[PDB]
């Protein structure tokens, strides 16, 4: 006898239609094969639900007061050793795995558009390996405490896409080419999230890193001043490499 409330993270809670003698609301949810249950001071679906798997593993679902965030935790049978945690809100999900001593070892962030950041072998200094999964291609790189750095190399050029803890993007380019005729340099404009590449004192192309997690490339005219045509949305890693030739 309930009202169903849809929740972040592809879950559903049933909140009792009315409250008990203590004024509390019963909550029921199903996750995988498990019915979780709980009680709440609120009537909207928020609160905490708990369940025990057939093997005695402990699961807890916490729904924020405004329904904007859910946290799904899987524990061992003691209910204290965390195995997995999945937090979903504002259109993204973060799924973590934890080591036997309690610390995050793996993290997957799925953005509202389905692109992902996959972090593997996270260490105590906050370092690890990083992958950005975009529409059509994947960027590989490293994680540190300060940033995620995705790297594409072509010839003597290294392009580095840096993502802050907040998710702020900046991009840099370095070329080890000693020839001034051919060495690439680049300037970053954070206003438009645009890296402008220059060769031999003329601009050659703009690489835009969109708030929509895509990359576009636009060429300059021979004059090195006017952009010509229109920006091309990259759909394969080979196109990024081409932009760095």
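Positions refer to the first chain, counted from 1.
Undergrad: So, looking at the entry's B-factor column for Cα atoms, which has the higher mean, 172-180 or 65-73?
TA: Result of the comparison: 172-180.
Undergrad: Lowest, middle or highest third: where is residue 99 by C-alpha B factor in its chain?
TA: It falls in the top third of the chain.
Undergrad: Taking the values exactly as deposited, rank residue 240 by C-alpha B-factor within its chain and report the matching third: lowest, middle or highest.
TA: CA B-factor rank for residue 240: middle third.
Undergrad: Would you mind checking where the Cα B-factor of residue 163 ranks among the modelled residues of its chain, as the lowest, middle or highest third?
TA: Its C-alpha B-factor belongs to the highest third of this chain's values.
Undergrad: How does residue 202 rank on Cα B-factor within its chain, lowest, middle or highest third?
TA: Its C-alpha B-factor, which the entry lists for residue 202, ranks in the highest third among residues of this chain.
Undergrad: Looking at the temperature factor on the CA atom of residue 157, which third of the chain's modelled residues does it land in?
TA: Its C-alpha B-factor belongs to the lowest third of this chain's values.
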